[PDB]
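Same protein, same chain, two forms; see structure 1 and structure 2 below, as structure tokens.
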Structure 1
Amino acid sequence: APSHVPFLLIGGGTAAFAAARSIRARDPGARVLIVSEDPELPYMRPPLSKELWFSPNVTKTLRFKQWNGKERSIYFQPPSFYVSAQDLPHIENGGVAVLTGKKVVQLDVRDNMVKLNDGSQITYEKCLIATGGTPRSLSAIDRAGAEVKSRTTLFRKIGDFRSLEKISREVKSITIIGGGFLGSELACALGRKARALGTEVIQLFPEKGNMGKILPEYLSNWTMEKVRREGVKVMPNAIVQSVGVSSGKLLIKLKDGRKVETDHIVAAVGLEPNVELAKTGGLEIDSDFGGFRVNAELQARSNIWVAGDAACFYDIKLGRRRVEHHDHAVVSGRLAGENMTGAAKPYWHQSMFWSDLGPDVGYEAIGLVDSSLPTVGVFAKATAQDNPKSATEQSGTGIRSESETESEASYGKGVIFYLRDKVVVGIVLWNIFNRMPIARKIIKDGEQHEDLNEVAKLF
């Protein structure tokens, strides 16, 4: 670990990598150090709940096959592209180094320095906090003791992919708690594995259907049927009361009286932004939405920026906000990098989200998407190209935010408009690809729409 580094990136995920790339692009000789608590070099997360499950050496290499059959590495860059932390301070033309297995435990804003868990002290000139978040657990699990806890997976990293993939091959029943996109993706991934093995997969949540807090009743229900068609036993309207061990089996007790016996549990119930450094750093966090509060240029302080899942930014349309989008991590990380190199540009990007439940069904979302808001959905029969696989064959990539582009324009599918009076504040696209720029334009203009069935023609 160097005693000093010009650019210090705390956390080694998607946002940090984007910032590292941006800093180097604007400053060819920049010296950038990434401190990552995890043992792995920077990698993208979407494949962990998708393509990596649709394949035995893949678990070792982590080089997956996209829906189009072509391989891609989960890592942002090959390990030989990074320089050693030891050489970073004076190596010719600089570079980007990564300190894996090390965690920043103290931040001293006034002295521009951080302390690592091993006692190491590092000063910086410009710092980016890109710590992401920590998965949330169920209070029922927290209050159940060590045994139950040891048999519950909080899905987020490469290590969770490997341990869960192992378990799916070794046990007879796995239960997923959570109806969100991630829980549903895992449900489909695990369901397919179970079909060949002849095992069981259960998914339960308090809502009436999958993604119930986001999707309107019609599409929420359609999604639940989709998951059931994969062999998964889906249990909606399920409120967990307690969880314990009975005769070596996990026993989940629900409020309506139902009891569920299973071998392992996977929880996908949201995340808690990692703002532990706010304590010693004396930085302000948002008690309502979570995360480090930053200004328009993503600054927490004159020389400290925040990007990705850990940032509570000011959405140009919605006010204080925090999101969990790959697109956001990439764009905000890139911007932070540019601002750390004298750009002084505001974050006005409208972050998009995407989810693939296999090669045949996908979703895209943007803006305020809440099922409690008044909505208007327009649907139609899907064509042969309206699916994630075709979209990937066309674009050559499975990372939707890449093929969709970051710009704004100048039944088996459909569009769902979320409204505020007659203005569209959010949009969900079901099996419609390469039209996000149109969605961004509609939301940005913020005009009132007398029809919408006319607007749907745009998609």
Structure 2
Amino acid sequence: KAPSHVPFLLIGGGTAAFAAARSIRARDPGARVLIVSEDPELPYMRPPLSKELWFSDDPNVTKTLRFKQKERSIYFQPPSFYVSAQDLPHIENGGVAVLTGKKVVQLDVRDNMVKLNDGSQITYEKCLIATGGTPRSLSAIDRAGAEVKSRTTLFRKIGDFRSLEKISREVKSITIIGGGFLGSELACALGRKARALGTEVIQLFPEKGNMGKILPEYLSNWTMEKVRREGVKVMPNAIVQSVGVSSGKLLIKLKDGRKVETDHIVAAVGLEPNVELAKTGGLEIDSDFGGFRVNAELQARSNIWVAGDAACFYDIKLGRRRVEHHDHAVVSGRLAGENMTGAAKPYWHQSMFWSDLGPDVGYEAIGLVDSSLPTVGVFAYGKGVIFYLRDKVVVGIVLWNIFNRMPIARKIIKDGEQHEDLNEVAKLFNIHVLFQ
């Protein structure tokens, strides 16, 4: 199936890879691009797996994988957009092929060659590593035994959505471990499903409130109350000590003495970059942020770039970073595709992210957003803007229930001005003052 040589080889078939393939085809007409994906699915976007796909009025949404934004599919393109790998060398004006169900297990940088899990070898001229990451798991779950492990979900892929959606219709109690984006969005989604069926949803995490690492405490606490009003039993300040099976149910023991009985656990406790290929490829990994260490142009070696969740890159403006946003995979993937066709451009356009936690909670963010940084919040906590500061300069912004204003927030961070009155800057977001 796979040819012996391809001009453009993209390792991994996710958001960053697809954005790169589209970018290469737009900058190099007739280009021949091969995506190698270990998943059986064609490239698709993940955000709907924790949001729109759970709020669809169509009960066949699990099969169609379409959602209302305007209806559209979770796949970036239908199969008709792609050509087969076997035909990729011969088709006139080239195309984009995806070799599904295949994993790159060896990378030879000196010879511009990869080896697949089935023994196949492919040489390339330009290569992109866009392997993303794998969900982390709790140490308490790893030591819990096979039964507990079989009743614990790591949420990332289409299969995880389908398996958890089926569970929410079969069991009475689901527990989410994790207070970040994924845990909070799944809590609101499972909470909506539970209100109609009369079932239970629990979310526990060690922080004082949802999104405690991202939002200031006062806004994290406000968010926790909104999640609770979606039908979720939220347990902050919860550290899992052990997990076992008791009378057929899962028993979660917390360090503080509390105990939670439930039927199924969803672990949403972060992501580990997929850097397996750094060993054979002799590629540098970043010990501080994780991931493949690349420069401002997302380049690792002469013919190898890295994009997406797995790329630790140099931001000429904000310093060295690694970002795990959908839009960042798109932006970095497209940038890598342009540099794979001679652009030599540095990461410059700042990617944004967003989150929706029910009807009354939606926010957008950009730049360095971290609750450890000093923050200034200007609210009208219905609507407002939170500025994240470093050396008296705005390095990140969170827009709370403010939409269609991201270009303004992007300009403020790019300009790097020293603002003496952030209340005037809040007027740019139609806000007419909390500190942390």
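Here the rigid core means the biggest group of C-alpha atoms that line up within 1.5 Å when the two forms are laid on top of each other. Here, residue number means position along structure 1's sequence, counting from 1.
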Once the rigid core is lined up, just say which one of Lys233, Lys193, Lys317, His264 has a C-alpha that travels 2 Å or more between the two structures.
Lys317
Does the distance between the two CA positions of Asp360 reach 2 Å or more between the two structures, the core being superposed?
yes
Using a rigid core fit, what is the CA shift at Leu182 between the two structures, in angstrom?
1.3
Once the two forms are fitted on their core, CA shift of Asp421 between the two structures in Å:
4.6
Let me know the CA shift of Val331 between the two structures in Å, rounded to one decimal, core fitted.
0.7
